[PDB]
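Participant: can't give you the sequence, but here's the structure:
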Ligand SMILES: *C(=N)[C@H](C[C@@H]1CCNC1=O)NC(=O)[C@@H]1[C@@H]2[C@H](CN1C(=O)[C@@H](NC(=O)C(F)(F)F)C(C)(C)C)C2(C)C
Ligand SMILES: *C(=N)[C@H](C[C@@H]1CCNC1=O)NC(=O)[C@@H]1[C@@H]2[C@H](CN1C(=O)[C@@H](NC(=O)C(F)(F)F)C(C)(C)C)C2(C)C
């Protein structure tokens, strides 16, 4: 079958820690001898107050515990890197994997290890949207939770949570400390660019054809050219196709398996915007960007 | 509101590879017992299993725990249901508090799809009323487990055995008993006709109302009573509502948040019949409401 595949969370569970500072509690990840955590654990500061407040923060006020390894950590140094804190600790984490800090592009997926008090409670799957937000699920204390992928034995850290907006959207930084999109870790009202479907992923969602119904009734009989679709997409909140040229090899492979050219899929998308009438496609009632062409093709 | 899965670390530390005379699959290592599917010893049927198990030399079960870098030695072999219980000399220090809990249809679990004793993927399934799960497995994936977590207690529900022609999958609980009338034999087996788990269909529609679009246009404008729905359900492949009385509290709470009564949802289910002329029961009302 074709499923949403999550990367196993064990390697991340053993590096998670809890970070508590003067009544404020969240999560951090412990790699080598450094704990990375959101900087707002020491207060709800604004603009350019961060550098001074971090320079004033007492290292002994950072209470860091790694619950699975059952040991307490002692912060020797604090250094702000971007919107993250780098608390250098005395002990090296023997569970540290081979890792790399890798920034995600919009339309790519990752597994979220959503933790509380340094303990992973739930894992789930998200895709970075074109507004540079993720549609995740977080409560108080969930900040510091990470989004990641795995390739062999290497852990690819992509994301660390900071903030939730009014419409239950979520924003954070990569592990080098830079936010996705223009959002910041402040309680101010921040503008959001209008939503736009990642067209490659919606196409991968319809390619349902391979697991649910090879010939559904809502699948268009006629084709539309990529170019004619892209003129329509500009006025209907769909990104220009293809969003990534590398997805074309996956999409071409899916088209041969399903025996349905992508031009029919694209024209199905156009018709569905006025014809869907509650149709359920790959188990969802709307267009979803969670299915990437790579995951659907490779599994 | 997301599909929530349970973290796989505790399961990862317990997985092992079981290889027997060229047949390779997975097992789980709890205390001093490795649990694996029995067909690793060969393709037998009916009541052949008992005798064939008792002549299998324990030295032929090559058992490795790749996470801990350990190779285990089987001391004795016991068949419990359709599972082998391989007693090993070493106790697994990573063993958690665990329970063998049987799943009822309509409940969810997390699958730790493994190969060579190493978890490769983690994905979500709901046991359907035909007692099958719609999963994804390749050769050597047998012995993969389905689980949930309540704190740090590992609840084991499923161990994988067989894949049917329509990419349904069947297996046993950890006591060794299959879900439904399916067995570990390479023959055509009749299937329970599909039936929609109505509690989950209701839960998914509420999840859509509470995230994407409250009041879409295909929403039913008028109510239908629970009783009148159940008379329709009996002739239209939908289970009697509610499927679990304990789901009513979740469903009524979701109806209040979305401000749409469940009677309207049930009537929407009916009017959507033409669209159906699958994967509609993957959201349980507990997962939707709690998060
Ligand atoms: C860190 N653990 C939390 C995670 C939040 C809590 C609710 N759901 C989540 O994902 N992050 C925060 O508490 C950050 C933190 C102060 C306020 N904040 C928010 O996420 C707030 N949002 C906003 O102010 C908004 F809307 F502008 F984005 C909150 C109202 C609590 C959701 C700071 C420093 C931004
Ligand atoms: C155990 N590792 C595999 C898991 C399979 C491999 C492909 N996808 C899976 O889920 N299970 C088996 O190899 C079992 C095993 C012999 C045959 N078998 C099957 O799953 C086969 N299916 C059937 O026999 C069917 F469809 F008729 F039910 C197979 C054709 C290989 C998929 C035994 C002893 C049943």
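Facilitator: Nice, I can see it. Residues are numbered from 1 along each chain as shown, chains lettered A, B, ... in the order given. Ligands and ions are numbered 1, 2, ... in the order given.
Participant: so for stretch A:127-140, what gets flagged as buried?
Facilitator: Using 16 or more other C-beta atoms under 10 Å in any protein chain shown as the test for burial, stretch A:127-140 gives A:127-138. All C-beta atoms are positioned from the backbone trio N, CA, C, and that covers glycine.
Participant: what about it, start to end distance?
Facilitator: Taking C-alpha to C-alpha, to the nearest Å, the first and last residues of stretch A:127-140 lie 22 Å apart.
Participant: wait, residue A:143 sits on residue A:40?
Facilitator: Yes - counting by C-beta atoms under 8 Å, residue A:40 is a contact partner of residue A:143 at 7.3 Å.
Participant: what touches both of these two?
Facilitator: Common neighbours of residue A:143 and residue A:40 (criterion: C-beta atoms under 8 Å, 6 or more residues apart in numbering or on different chains): residue A:162.
Participant: more crowded one of the two?
Facilitator: Set residue A:143 next to residue A:40 and count neighbours by other C-beta atoms under 10 Å in any protein chain shown: residue A:143 wins out with 25 against 20.
Participant: which of the helices or strands spans the more buried one?
Facilitator: In this structure, residue A:143 sits in neither a helix nor a strand according to DSSP states H and E.
Participant: please tell me how far it sits from ligand 1.
Facilitator: Distance of residue A:143 to ligand 1, given as C-beta to the nearest ligand atom, to the nearest Å: 3 Å.
Participant: checking residue A:211 next. Helix, strand or coil?
Facilitator: coil (DSSP: H, G, I helix; E, B strand; the rest coil).
Participant: next: residue A:124.
Facilitator: Put simply, residue A:124 is strand when judged by three-state DSSP.
Participant: any idea how far it lies from residue A:246?
Facilitator: For residue A:124, the distance to residue A:246 equals 25 Å [C-beta to C-beta, to the nearest Å].
Participant: thought residue A:276 was touching residue A:218?
Facilitator: Yes - contact criterion C-beta under 8 Å: residue A:276 and residue A:218 qualify, at 7.1 Å.
Participant: which one of residue A:124 and residue A:246 is surrounded by more residues?
Facilitator: Between residue A:124 and residue A:246, counted using other C-beta under 10 Å, residue A:124 has the larger neighbour count: 18 against 11.
Participant: return the distance of the longest helix seen in chain A from the chain's centre.
Facilitator: With secondary structure taken from DSSP state H, chain A has its longest helix at helix A:262-275. Counting by C-alpha atoms, centre = their mean, to the nearest Å, helix A:262-275 is centred 27 Å from the centre of its parent chain.
Participant: by contact count, what packs against it?
Facilitator: The contact analysis (3 or more C-beta pairs under 8 Å, 6 or more residues apart in numbering or on different chains; DSSP states H and E) places helix A:262-275 against helix A:199-206, helix A:226-233, helix A:247-258.
Participant: now the angle from the longest one to helix A:199-206?
Facilitator: Between helix A:247-258 and helix A:199-206, the angle comes out at 20 degrees (axes from the mean of the first three to the mean of the last three C-alpha atoms, to 10 degrees).
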